[PDB]
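*Asks:* Next comes data_29.tsv, TSV, C-alpha atoms:
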```tsv
chain	number	residue	atom	x	y	z
A	1	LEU	CA	132.52	149.78	111.10
A	2	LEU	CA	130.91	147.48	108.53
A	3	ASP	CA	131.82	144.32	110.49
A	4	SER	CA	129.12	144.88	113.13
A	5	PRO	CA	126.82	141.91	113.88
A	6	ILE	CA	123.70	141.53	111.75
A	7	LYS	CA	120.73	139.62	113.16
A	8	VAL	CA	116.97	139.57	113.72
A	9	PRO	CA	116.17	140.15	117.44
A	10	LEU	CA	114.25	137.20	118.82
A	11	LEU	CA	116.35	137.86	121.94
A	12	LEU	CA	117.77	141.37	122.09
A	13	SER	CA	120.59	140.56	124.54
A	14	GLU	CA	123.52	138.55	123.19
A	15	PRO	CA	125.28	136.30	125.75
A	16	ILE	CA	128.11	135.95	123.20
A	17	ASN	CA	128.82	138.35	120.35
A	18	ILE	CA	128.13	136.97	116.88
A	19	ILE	CA	131.62	138.08	115.86
A	20	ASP	CA	132.99	136.37	118.96
A	21	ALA	CA	131.18	133.19	117.93
A	22	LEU	CA	132.73	133.79	114.50
A	23	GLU	CA	136.19	133.95	116.13
A	24	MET	CA	137.38	136.51	113.57
A	25	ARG	CA	140.09	139.12	114.16
A	26	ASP	CA	138.55	141.59	111.72
A	27	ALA	CA	140.55	144.73	110.94
A	28	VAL	CA	139.68	147.87	109.00
A	29	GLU	CA	141.45	146.65	105.85
A	30	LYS	CA	139.74	143.23	105.88
A	31	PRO	CA	137.23	143.23	102.98
A	32	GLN	CA	133.92	142.09	104.42
A	33	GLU	CA	131.84	140.01	102.01
A	34	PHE	CA	128.15	140.52	101.22
A	35	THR	CA	126.22	138.98	98.33
A	36	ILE	CA	122.44	139.04	97.89
A	37	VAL	CA	120.95	136.82	95.17
A	38	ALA	CA	117.23	136.99	94.43
A	39	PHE	CA	115.22	135.42	91.61
A	40	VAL	CA	111.52	135.98	90.87
A	41	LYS	CA	109.48	134.43	88.06
A	42	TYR	CA	105.81	134.25	87.08
A	43	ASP	CA	104.91	131.38	84.76
A	44	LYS	CA	102.23	131.40	82.06
A	45	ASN	CA	101.62	128.18	80.14
A	46	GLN	CA	102.58	128.70	76.51
A	47	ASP	CA	100.07	125.94	75.82
A	48	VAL	CA	97.27	128.47	75.48
B	1	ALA	CA	89.85	125.85	92.21
B	2	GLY	CA	92.78	125.35	94.56
B	3	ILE	CA	95.82	127.32	95.66
B	4	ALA	CA	99.00	125.89	97.20
B	5	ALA	CA	100.99	128.42	99.25
B	6	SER	CA	104.15	127.12	100.93
B	7	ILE	CA	106.81	129.14	102.74
B	8	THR	CA	110.26	128.09	103.97
B	9	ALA	CA	112.16	130.94	105.64
B	10	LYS	CA	115.46	130.07	107.32
B	11	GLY	CA	117.58	132.80	108.87
B	12	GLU	CA	120.70	131.17	110.28
B	13	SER	CA	123.53	132.52	112.43
B	14	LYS	CA	125.32	131.52	115.62
B	15	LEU	CA	123.78	131.53	119.09
B	16	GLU	CA	121.22	128.87	118.21
B	17	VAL	CA	118.54	130.80	120.12
B	18	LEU	CA	119.08	133.35	117.33
B	19	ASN	CA	118.47	130.64	114.70
B	20	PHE	CA	114.87	130.03	113.63
B	21	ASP	CA	113.44	127.44	111.23
B	22	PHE	CA	110.17	128.71	109.75
B	23	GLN	CA	107.71	126.77	107.59
B	24	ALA	CA	104.19	127.80	106.56
B	25	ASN	CA	101.80	125.96	104.24
B	26	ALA	CA	98.32	126.82	102.98
B	27	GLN	CA	96.07	124.66	100.81
B	28	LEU	CA	92.59	125.42	99.49
B	29	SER	CA	90.09	123.33	97.53
B	30	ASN	CA	86.81	124.49	95.99
B	31	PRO	CA	84.68	122.50	93.51
B	32	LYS	CA	81.86	124.12	91.54
B	33	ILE	CA	79.27	122.38	93.76
B	34	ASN	CA	80.78	124.28	96.73
B	35	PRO	CA	82.03	121.85	99.35
B	36	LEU	CA	85.00	123.85	100.60
B	37	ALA	CA	88.04	122.52	102.45
B	38	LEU	CA	90.82	124.68	103.91
B	39	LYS	CA	93.91	123.60	105.85
B	40	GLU	CA	96.82	125.46	107.42
B	41	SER	CA	99.98	124.49	109.29
B	42	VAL	CA	102.66	126.96	110.41
B	43	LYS	CA	105.92	125.86	112.04
B	44	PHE	CA	108.87	127.81	113.42
B	45	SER	CA	111.76	126.24	115.32
B	46	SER	CA	114.22	128.35	117.28
B	47	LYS	CA	115.98	126.87	120.29
B	48	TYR	CA	114.57	129.56	122.57
B	49	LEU	CA	110.92	129.04	121.58
B	50	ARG	CA	108.81	126.62	119.54
B	51	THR	CA	105.09	127.00	118.84
B	52	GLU	CA	103.05	124.82	116.47
B	53	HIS	CA	99.64	125.41	114.90
B	54	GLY	CA	97.33	123.48	112.61
B	55	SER	CA	93.87	124.52	111.41
B	56	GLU	CA	91.64	122.70	108.94
B	57	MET	CA	88.26	124.23	108.07
B	58	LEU	CA	85.62	122.33	106.08
B	59	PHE	CA	82.34	123.68	104.66
B	60	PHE	CA	79.80	121.22	103.24
B	61	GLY	CA	76.95	123.72	102.90
B	62	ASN	CA	74.91	123.53	106.09
B	63	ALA	CA	77.76	121.52	107.62
B	64	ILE	CA	80.81	123.44	108.88
B	65	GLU	CA	83.57	121.80	110.95
B	66	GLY	CA	86.43	123.82	112.41
B	67	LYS	CA	89.54	122.30	113.97
B	68	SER	CA	92.42	124.48	115.17
B	69	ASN	CA	95.20	123.68	117.66
B	70	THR	CA	98.05	125.84	118.91
B	71	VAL	CA	100.69	124.71	121.41
B	72	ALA	CA	103.62	126.81	122.63
B	73	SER	CA	106.42	125.65	124.92
B	74	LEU	CA	109.16	127.78	126.48
B	75	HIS	CA	112.38	126.04	127.52
B	76	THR	CA	115.04	127.72	129.65
B	77	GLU	CA	117.30	126.53	132.46
B	78	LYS	CA	115.29	128.14	135.27
B	79	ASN	CA	111.88	127.15	133.92
B	80	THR	CA	110.05	125.35	131.12
B	81	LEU	CA	106.61	126.73	130.25
B	82	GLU	CA	104.01	124.66	128.40
B	83	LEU	CA	100.70	125.88	126.96
B	84	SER	CA	98.48	123.77	124.70
B	85	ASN	CA	95.07	124.50	123.19
B	86	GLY	CA	92.88	122.28	121.05
B	87	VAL	CA	89.67	123.64	119.51
B	88	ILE	CA	86.92	121.51	117.97
B	89	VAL	CA	83.97	123.44	116.52
B	90	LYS	CA	81.18	121.95	114.40
B	91	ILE	CA	78.02	123.63	113.06
B	92	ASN	CA	75.40	121.52	111.26
B	93	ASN	CA	72.15	122.56	112.97
B	94	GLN	CA	73.27	123.47	116.51
B	95	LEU	CA	76.42	125.37	117.48
B	96	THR	CA	78.43	123.19	119.86
B	97	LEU	CA	82.02	124.08	120.77
B	98	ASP	CA	84.80	122.64	122.88
B	99	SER	CA	88.06	124.50	123.52
B	100	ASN	CA	90.54	122.82	125.85
B	101	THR	CA	93.41	124.77	127.41
B	102	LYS	CA	96.22	123.09	129.33
B	103	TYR	CA	98.70	125.38	131.08
B	104	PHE	CA	101.85	124.23	132.83
B	105	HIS	CA	105.04	125.69	134.24
B	106	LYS	CA	107.86	124.43	136.44
B	107	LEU	CA	109.95	127.39	137.58
B	108	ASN	CA	112.94	126.67	139.82
B	109	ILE	CA	115.42	129.33	140.96
B	110	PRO	CA	117.99	127.53	143.17
B	111	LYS	CA	119.75	130.84	143.90
B	112	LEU	CA	117.37	131.26	146.86
B	113	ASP	CA	115.98	127.69	146.78
B	114	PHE	CA	112.81	128.64	144.91
B	115	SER	CA	110.61	126.16	143.03
B	116	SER	CA	107.17	126.95	141.61
B	117	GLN	CA	104.80	124.76	139.62
B	118	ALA	CA	101.22	125.13	138.42
B	119	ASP	CA	99.18	122.99	136.02
B	120	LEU	CA	95.89	124.52	134.85
B	121	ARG	CA	93.27	122.86	132.66
B	122	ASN	CA	90.78	125.45	131.38
B	123	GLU	CA	88.21	123.71	129.19
B	124	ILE	CA	84.90	124.96	127.81
B	125	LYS	CA	82.06	122.76	126.62
B	126	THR	CA	79.16	124.81	125.26
B	127	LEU	CA	76.04	123.98	123.26
B	128	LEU	CA	73.73	126.49	121.57
B	129	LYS	CA	70.22	125.65	120.40
B	130	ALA	CA	67.08	127.69	119.79
B	131	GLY	CA	65.19	127.24	123.05
B	132	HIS	CA	68.06	125.68	125.01
B	133	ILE	CA	71.43	126.71	126.44
B	134	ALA	CA	73.87	124.16	127.89
B	135	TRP	CA	76.92	125.95	129.31
B	136	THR	CA	79.36	124.55	131.86
B	137	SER	CA	83.06	124.73	132.67
B	138	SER	CA	85.46	123.32	135.27
B	139	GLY	CA	88.04	125.69	136.70
B	140	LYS	CA	90.35	122.90	137.83
B	141	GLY	CA	93.85	123.78	139.02
B	142	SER	CA	96.45	123.02	141.67
B	143	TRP	CA	99.64	124.65	142.89
B	144	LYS	CA	102.72	124.23	145.05
B	145	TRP	CA	105.89	126.17	145.86
B	146	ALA	CA	108.44	126.39	148.68
B	147	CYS	CA	110.34	129.67	149.08
B	148	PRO	CA	111.82	131.10	152.29
B	149	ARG	CA	109.62	134.20	151.98
B	150	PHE	CA	106.61	132.25	150.68
B	151	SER	CA	105.47	128.62	150.79
B	152	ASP	CA	102.07	127.31	149.75
B	153	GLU	CA	100.35	124.22	148.39
B	154	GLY	CA	96.79	123.21	147.58
B	155	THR	CA	94.24	122.40	144.92
B	156	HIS	CA	91.54	124.57	143.35
B	157	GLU	CA	88.32	123.12	141.93
B	158	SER	CA	85.68	125.37	140.35
B	159	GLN	CA	82.68	124.08	138.41
B	160	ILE	CA	80.20	126.44	136.73
B	161	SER	CA	76.80	124.97	135.84
B	162	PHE	CA	74.44	127.02	133.65
B	163	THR	CA	71.55	125.94	131.46
B	164	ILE	CA	68.45	127.30	129.73
B	165	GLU	CA	65.26	125.45	128.82
B	166	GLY	CA	61.84	127.01	128.39
B	167	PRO	CA	60.98	129.90	130.73
B	168	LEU	CA	63.04	128.48	133.64
B	169	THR	CA	66.64	129.44	134.38
B	170	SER	CA	69.04	126.95	135.99
B	171	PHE	CA	72.43	128.02	137.33
B	172	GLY	CA	74.69	126.08	139.68
B	173	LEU	CA	77.97	127.34	141.13
B	174	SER	CA	80.12	125.25	143.47
B	175	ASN	CA	83.68	126.25	144.41
B	176	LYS	CA	85.79	123.83	146.47
B	177	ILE	CA	89.30	125.01	147.33
B	178	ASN	CA	91.92	123.46	149.62
B	179	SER	CA	95.16	125.02	150.84
B	180	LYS	CA	97.63	124.49	153.65
B	181	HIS	CA	96.35	127.56	155.50
B	182	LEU	CA	92.91	128.17	153.93
B	183	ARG	CA	90.11	125.65	153.43
B	184	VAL	CA	86.70	126.68	152.10
B	185	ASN	CA	83.69	125.27	150.28
B	186	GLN	CA	81.34	127.59	148.39
B	187	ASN	CA	78.16	126.11	146.93
B	188	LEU	CA	75.59	128.43	145.35
B	189	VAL	CA	72.20	127.37	144.01
B	190	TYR	CA	69.66	129.48	142.12
B	191	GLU	CA	66.47	128.65	140.26
B	192	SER	CA	63.45	130.68	139.17
B	193	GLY	CA	60.63	129.35	137.01
B	194	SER	CA	59.23	132.08	134.78
B	195	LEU	CA	57.23	134.61	136.84
B	196	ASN	CA	56.23	131.99	139.44
B	197	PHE	CA	58.95	131.61	142.08
B	198	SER	CA	62.58	132.28	142.97
B	199	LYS	CA	64.82	129.81	144.83
B	200	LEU	CA	68.02	131.24	146.31
B	201	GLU	CA	70.28	129.16	148.55
B	202	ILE	CA	73.77	130.07	149.79
B	203	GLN	CA	76.33	127.69	151.30
B	204	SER	CA	79.56	129.32	152.51
B	205	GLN	CA	81.90	127.42	154.84
B	206	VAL	CA	85.31	128.98	155.54
B	207	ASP	CA	88.00	127.16	157.53
B	208	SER	CA	90.91	129.06	159.06
B	209	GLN	CA	93.14	127.87	161.89
B	210	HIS	CA	94.27	131.38	162.86
B	211	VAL	CA	90.79	132.94	162.92
B	212	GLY	CA	88.72	129.96	164.04
B	213	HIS	CA	85.62	129.01	162.11
B	214	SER	CA	82.77	130.85	160.42
B	215	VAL	CA	79.49	129.40	159.14
B	216	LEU	CA	77.09	131.26	156.85
B	217	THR	CA	73.88	129.57	155.72
B	218	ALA	CA	70.83	131.26	154.25
B	219	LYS	CA	68.00	130.26	151.93
B	220	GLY	CA	65.39	132.10	149.89
B	221	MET	CA	61.94	131.17	148.62
B	222	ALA	CA	59.94	133.90	146.88
B	223	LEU	CA	56.62	133.13	145.18
B	224	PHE	CA	55.25	135.63	142.67
B	225	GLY	CA	51.64	136.51	141.98
B	226	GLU	CA	50.79	136.25	145.68
B	227	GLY	CA	53.64	138.50	146.83
B	228	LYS	CA	55.13	136.14	149.42
B	229	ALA	CA	58.74	136.60	150.55
B	230	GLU	CA	60.34	134.23	153.06
B	231	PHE	CA	64.15	134.15	153.25
B	232	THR	CA	66.00	132.49	156.12
B	233	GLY	CA	69.15	134.33	157.15
B	234	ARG	CA	71.48	132.77	159.71
B	235	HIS	CA	75.20	132.91	160.41
B	236	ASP	CA	77.64	131.86	163.14
B	237	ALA	CA	81.19	133.22	163.36
B	238	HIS	CA	83.79	131.89	165.78
B	239	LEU	CA	86.74	134.26	166.17
B	240	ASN	CA	90.17	133.06	167.29
B	241	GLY	CA	93.53	134.81	167.63
B	242	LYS	CA	93.89	138.52	168.37
B	243	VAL	CA	90.09	138.85	168.26
B	244	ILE	CA	88.25	136.16	170.23
B	245	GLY	CA	84.48	135.94	170.57
B	246	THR	CA	81.27	134.89	168.86
B	247	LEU	CA	79.07	136.79	166.40
B	248	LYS	CA	75.60	135.42	165.65
B	249	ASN	CA	73.15	136.97	163.18
B	250	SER	CA	69.62	135.57	162.92
B	251	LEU	CA	67.64	137.21	160.10
B	252	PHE	CA	63.99	136.11	159.98
B	253	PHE	CA	60.90	137.65	158.39
B	254	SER	CA	57.75	136.87	156.43
B	255	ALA	CA	56.20	139.23	153.89
B	256	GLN	CA	52.62	138.13	153.24
B	257	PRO	CA	49.43	139.70	151.85
B	258	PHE	CA	48.45	142.31	154.47
B	259	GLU	CA	51.00	140.78	156.87
B	260	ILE	CA	54.69	141.64	157.17
B	261	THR	CA	56.97	140.71	160.08
B	262	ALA	CA	60.73	141.29	160.33
B	263	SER	CA	62.94	139.62	162.94
B	264	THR	CA	66.55	140.83	162.95
B	265	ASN	CA	68.89	139.66	165.70
B	266	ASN	CA	72.56	140.68	165.79
B	267	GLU	CA	74.60	139.53	168.79
B	268	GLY	CA	78.29	139.84	169.59
B	269	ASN	CA	80.61	139.25	172.55
B	270	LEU	CA	84.09	140.37	171.50
B	271	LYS	CA	87.29	140.77	173.53
B	272	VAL	CA	89.93	142.41	171.32
B	273	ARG	CA	93.53	141.84	172.42
B	274	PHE	CA	95.23	145.18	171.78
B	275	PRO	CA	98.99	145.75	171.92
B	276	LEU	CA	100.42	146.22	175.42
B	277	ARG	CA	98.03	143.56	176.76
B	278	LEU	CA	95.01	145.89	176.68
B	279	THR	CA	91.64	144.25	176.05
B	280	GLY	CA	88.57	145.98	174.68
B	281	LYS	CA	85.37	144.41	176.01
B	282	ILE	CA	82.83	144.81	173.20
B	283	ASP	CA	79.44	143.34	174.09
B	284	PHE	CA	76.30	144.58	172.35
B	285	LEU	CA	72.70	143.42	171.92
B	286	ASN	CA	71.11	144.78	168.73
B	287	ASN	CA	67.64	143.24	168.47
B	288	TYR	CA	64.82	144.26	166.12
B	289	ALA	CA	61.21	143.13	165.70
B	290	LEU	CA	58.63	144.58	163.30
B	291	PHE	CA	55.03	143.75	162.42
B	292	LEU	CA	52.78	145.45	159.87
B	293	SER	CA	49.05	145.08	159.26
B	294	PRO	CA	46.54	147.33	157.47
B	295	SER	CA	44.79	148.29	160.73
B	296	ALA	CA	47.60	148.00	163.29
B	297	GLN	CA	51.40	148.09	163.33
B	298	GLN	CA	54.24	147.93	165.83
B	299	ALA	CA	57.98	148.59	165.80
B	300	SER	CA	60.40	147.69	168.60
B	301	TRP	CA	64.14	148.43	168.65
B	302	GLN	CA	66.38	147.67	171.62
B	303	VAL	CA	70.13	148.27	171.91
B	304	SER	CA	72.30	147.32	174.90
B	305	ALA	CA	75.79	148.48	173.93
B	306	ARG	CA	78.59	148.04	176.46
B	307	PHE	CA	82.28	148.90	176.08
B	308	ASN	CA	84.78	147.90	178.76
B	309	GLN	CA	83.22	149.66	181.77
B	310	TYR	CA	80.71	151.85	179.90
B	311	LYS	CA	77.25	150.35	179.37
B	312	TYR	CA	74.41	151.85	177.34
B	313	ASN	CA	70.88	150.54	176.85
B	314	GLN	CA	68.69	152.38	174.33
B	315	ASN	CA	65.04	151.31	174.31
B	316	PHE	CA	62.39	152.32	171.78
B	317	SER	CA	59.02	150.69	171.11
B	318	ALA	CA	56.17	152.07	169.00
B	319	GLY	CA	52.81	150.38	168.56
B	320	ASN	CA	49.86	151.59	166.48
B	321	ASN	CA	46.44	150.44	167.68
B	322	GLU	CA	42.98	151.97	167.55
B	323	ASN	CA	42.44	151.27	171.25
B	324	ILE	CA	45.69	152.94	172.38
B	325	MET	CA	48.63	154.88	170.96
B	326	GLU	CA	52.09	153.96	172.27
B	327	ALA	CA	54.81	156.61	172.56
B	328	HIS	CA	57.70	156.06	174.97
B	329	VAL	CA	61.43	156.80	174.83
B	330	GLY	CA	63.85	155.06	177.19
B	331	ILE	CA	67.38	156.49	177.28
B	332	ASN	CA	69.93	155.20	179.78
B	333	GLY	CA	73.72	155.25	179.75
B	334	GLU	CA	76.62	155.25	182.22
B	335	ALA	CA	80.18	156.45	181.57
B	336	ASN	CA	82.59	155.85	184.44
B	337	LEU	CA	85.02	158.75	184.89
```
Please re-express this file's structure in structure tokens.
*Replies:*
Amino acid sequence: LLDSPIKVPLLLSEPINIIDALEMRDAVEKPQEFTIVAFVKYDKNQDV
Amino acid sequence: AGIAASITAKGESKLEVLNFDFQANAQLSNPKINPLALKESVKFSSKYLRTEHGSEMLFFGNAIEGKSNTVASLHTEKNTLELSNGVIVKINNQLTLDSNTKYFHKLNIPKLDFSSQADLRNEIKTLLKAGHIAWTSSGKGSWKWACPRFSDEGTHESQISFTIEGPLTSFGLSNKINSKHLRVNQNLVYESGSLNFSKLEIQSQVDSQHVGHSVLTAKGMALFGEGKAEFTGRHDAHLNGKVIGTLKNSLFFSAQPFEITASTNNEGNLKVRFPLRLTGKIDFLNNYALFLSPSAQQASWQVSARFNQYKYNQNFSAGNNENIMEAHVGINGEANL
């Protein structure tokens, strides 16, 4: 259920499934991988 | 004081159409003596669609210059669409603008042997000044396509001439269009100087193989203060095809101080080819003549309407004179049974 395609719809209709383009044979027991990494920083000169 | 804002967003997957390549940049500059410069450029690239924009505004006090272009282009197997716009605006003492717009497409659907193409240039040049207007544009475009249900080709040419200076208005319209089946020229001219006169002139010439020809010409000269009106109204229509005949309309008059005369003349000889080889014989004489004076007047109206085998003449004529009063009614009509 968690292996469904994820995309932003510029074109809503998919001529080929993203999984099909990925060529996987995903099963229920296959651990799908997701990792989000975000960094944010605001810089103030210590030279006052 | 300046700010640099740059963006690079890249969302990637398969199905390249689904892959976009976005970039946006913004740069601002502002010294204490206030000449301001601003610039922008935004880019996205996905196989399905690509549109590009760049705008750079400058402000040197009284002087302001605006440049901004945007061009989009669609690319698919059946068709490739192309739209481009460039805008140049500058304001120092007058407000003059130009905005050019090129459109293009080339659509081809070989499933039914269909090909369509149209290139349109839509450009505006405009100048604004206190006491003067200079506006004009050219609606230039052409077309072509061959489809079993529909096939056409021709060129369209429209020019719009407008201008203002002092208390006189100048406006010139002239449309010239050509097509395989329809050919027509439409010139229109108008001018009126303050509260002095009014010049109206019409030039319509329509060309049609199936219908025949039709000519409309008419001209107007009105002078104010003295209350004179003198417009010339004429027209000739040749009818060909299912309806064959001639329609002529002469419209004459002269409105003058204490004198007004109207001459209307509508004539038509029409033979309409109905289904089952039945012809309607329409022949009518509608003729009018009027005169008006403070002391005497007259009105005459005469109709001679005839359909197929039924003919009808209706006669009426009234004349006001101190010597004699005219009052007669002439009614005559025959209907074969």
*Asks:* What gap, in Å, lies between CA of residue 45 (chain B) and CA of residue 88 (chain B)?
*Replies:*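 These atoms are spaced 25.4 Å apart.
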*Asks:* Define the interface residues of chain A facing chain B as those within 10 Å, counting all atoms listed in the file, and report them as a VMD selection string.
*Replies:* chain A and resid 6 to 12 14 to 22
*Asks:* Using CA of residue 199 (chain B) and CA of residue 289 (chain B) as the two end points, give the distance in Å to one decimal.
*Replies:*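 Computing the Euclidean distance for CA of residue 199 (chain B) and CA of residue 289 (chain B) yields 25.0 Å.
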*Asks:* Determine the axis-aligned bounding box of all atoms of region 8-25 of chain A present in the file, pad each side by 4 Å, and express its centre and edge lengths in Å to one decimal place as lines of an AutoDock Vina configuration file.
*Replies:*
```
center_x = 127.2
center_y = 137.3
center_z = 119.7
size_x = 33.8
size_y = 16.2
size_z = 20.2
```
*Asks:* Residues near region 34-36 of chain B, anyone? I mean within 9 Å using only C-alpha atoms, not counting same-chain ones fewer than 5 positions away, as a list in words.
*Replies:*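 Surrounding residues, per the criterion: residues 28, 29, 57, 58, 59, 60 and 61 of chain B.
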*Asks:* Is there a way to complete region 157-170 of chain B with N, CA, C and O atoms and then write that out as a tab-separated table (two decimals), keeping the file's coordinate frame?
*Replies:*
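So the final result, stored in part19.tsv, reads:
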```tsv
chain	number	residue	atom	x	y	z
B	157	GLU	N	89.32	123.86	142.70
B	157	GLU	CA	88.32	123.12	141.93
B	157	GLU	C	87.08	123.99	141.81
B	157	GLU	O	86.34	124.16	142.79
B	158	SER	N	86.85	124.54	140.62
B	158	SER	CA	85.68	125.37	140.35
B	158	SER	C	84.89	124.75	139.21
B	158	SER	O	85.45	124.44	138.15
B	159	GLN	N	83.59	124.57	139.43
B	159	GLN	CA	82.68	124.08	138.41
B	159	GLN	C	81.53	125.06	138.27
B	159	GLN	O	80.90	125.44	139.26
B	160	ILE	N	81.25	125.47	137.03
B	160	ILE	CA	80.20	126.44	136.73
B	160	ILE	C	79.13	125.72	135.92
B	160	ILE	O	79.40	125.23	134.82
B	161	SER	N	77.92	125.66	136.47
B	161	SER	CA	76.80	124.97	135.84
B	161	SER	C	75.74	126.00	135.46
B	161	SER	O	75.16	126.65	136.34
B	162	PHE	N	75.50	126.16	134.16
B	162	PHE	CA	74.44	127.02	133.65
B	162	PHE	C	73.67	126.28	132.57
B	162	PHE	O	74.22	125.43	131.86
B	163	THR	N	72.39	126.60	132.45
B	163	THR	CA	71.55	125.94	131.46
B	163	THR	C	70.27	126.74	131.27
B	163	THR	O	69.81	127.43	132.19
B	164	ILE	N	69.71	126.66	130.06
B	164	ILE	CA	68.45	127.30	129.73
B	164	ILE	C	67.54	126.27	129.07
B	164	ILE	O	68.00	125.49	128.22
B	165	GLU	N	66.27	126.27	129.46
B	165	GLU	CA	65.26	125.45	128.82
B	165	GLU	C	63.89	126.01	129.18
B	165	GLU	O	63.54	126.07	130.36
B	166	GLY	N	63.13	126.42	128.17
B	166	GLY	CA	61.84	127.01	128.39
B	166	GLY	C	61.95	128.32	129.15
B	166	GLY	O	62.96	129.04	129.04
B	167	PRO	N	60.94	128.66	129.94
B	167	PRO	CA	60.98	129.90	130.73
B	167	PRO	C	61.64	129.77	132.10
B	167	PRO	O	61.48	130.68	132.92
B	168	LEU	N	62.37	128.69	132.36
B	168	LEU	CA	63.04	128.48	133.64
B	168	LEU	C	64.54	128.60	133.45
B	168	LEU	O	65.09	128.11	132.46
B	169	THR	N	65.20	129.27	134.40
B	169	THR	CA	66.64	129.44	134.38
B	169	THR	C	67.28	128.57	135.46
B	169	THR	O	66.84	128.58	136.61
B	170	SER	N	68.30	127.82	135.07
B	170	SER	CA	69.04	126.95	135.99
B	170	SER	C	70.50	127.38	135.99
B	170	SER	O	71.11	127.50	134.93
```
